[PDB]
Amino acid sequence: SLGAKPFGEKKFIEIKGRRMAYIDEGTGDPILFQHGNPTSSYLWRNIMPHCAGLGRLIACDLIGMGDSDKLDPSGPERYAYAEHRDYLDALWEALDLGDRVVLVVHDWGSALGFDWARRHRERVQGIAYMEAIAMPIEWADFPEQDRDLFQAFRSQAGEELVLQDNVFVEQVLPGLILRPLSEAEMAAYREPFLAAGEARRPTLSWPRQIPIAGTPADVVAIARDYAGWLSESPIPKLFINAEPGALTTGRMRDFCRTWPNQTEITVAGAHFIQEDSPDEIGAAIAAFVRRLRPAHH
């Protein structure tokens, strides 16, 4: 259903000195749901129930996000892709996931999960993705309506826009959900970013890592590598397409449609499509997993 309640209470593991938070429910091989910017495990609350009894249902909060601890010191060099990967790789190792993981990914969760999959391919049973950073892009490929604002985040304007005015949370997020959010929903998204200043840095560092027009070169190289790998990987895939969508449209969507061993559905939504079409998304994921894990009830 739609609904503002969280899916479970947070659990905690110590990673590199910092407590990291994650949702963990059920038993069996993992189904690992990974949010991006500026969300948390909360993004998946109405999707995870569809997988009840199909696996161990896990949704991690990235470092500095959700209920995971903030890094200190923080500033413009903090919360880059590589640092998020360092923490997330360690958390995923700590969770004792085994070798039949189904990844369910969105936004920067897809960049992180696609790279992890490339590096751990024998451990990935299937990949469900939506509104993903599937490859390096050009500014022409970026949604027109928020193009100027994302170039501003990437400029020195970003500190005022995000650290002081919290634009990513307060404007971009609700602007890329078709339906109006309730107070309680918006409160869950605001919670990690209530405080002005470096508490909000993850939401500014993230748009500064998007691989656009060859910059930043280090993330472009990472995405070029997972794009090349996914396009010839035999791992089963589920592409949850969106209309109108946002990022996984145009050239990127065409590229994703070339990937082998893939199923597709289309749901209504812009970018944070989990808030518009959770039951359609969840049902597709559950069907995918049932195929991958035949129960013979």
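For every residue, the number given is its place in the sequence shown, counted from 1.
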Can you tell me which stretch has the higher mean Cα B-factor, 143-151 or 177-185? 143-151
With reference to the PDB entry, specify whether the mean Cα temperature factor is higher for 134-142 or for 90-98. 134-142
Going by the CA temperature factor in the entry, name the top one among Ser110, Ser205, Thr215, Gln125. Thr215
One of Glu170, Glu83, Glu191, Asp225 has the largest Cα B-factor in the entry, namely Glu170
Hey, what third does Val289 fall into on Cα B-factor, ranked over its chain? middle
Modelled-residue ranking by C-alpha temperature factor, third containing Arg118: lowest
Ranking the modelled residues of this chain by C-alpha B-factor as given in the entry, is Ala196 in the lowest, middle or highest third? highest
So where's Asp69 on the chain's Cα temperature factor ranking, which third? lowest
Going by the entry, which third of its chain does the Cα temperature factor of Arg253 land in? middle
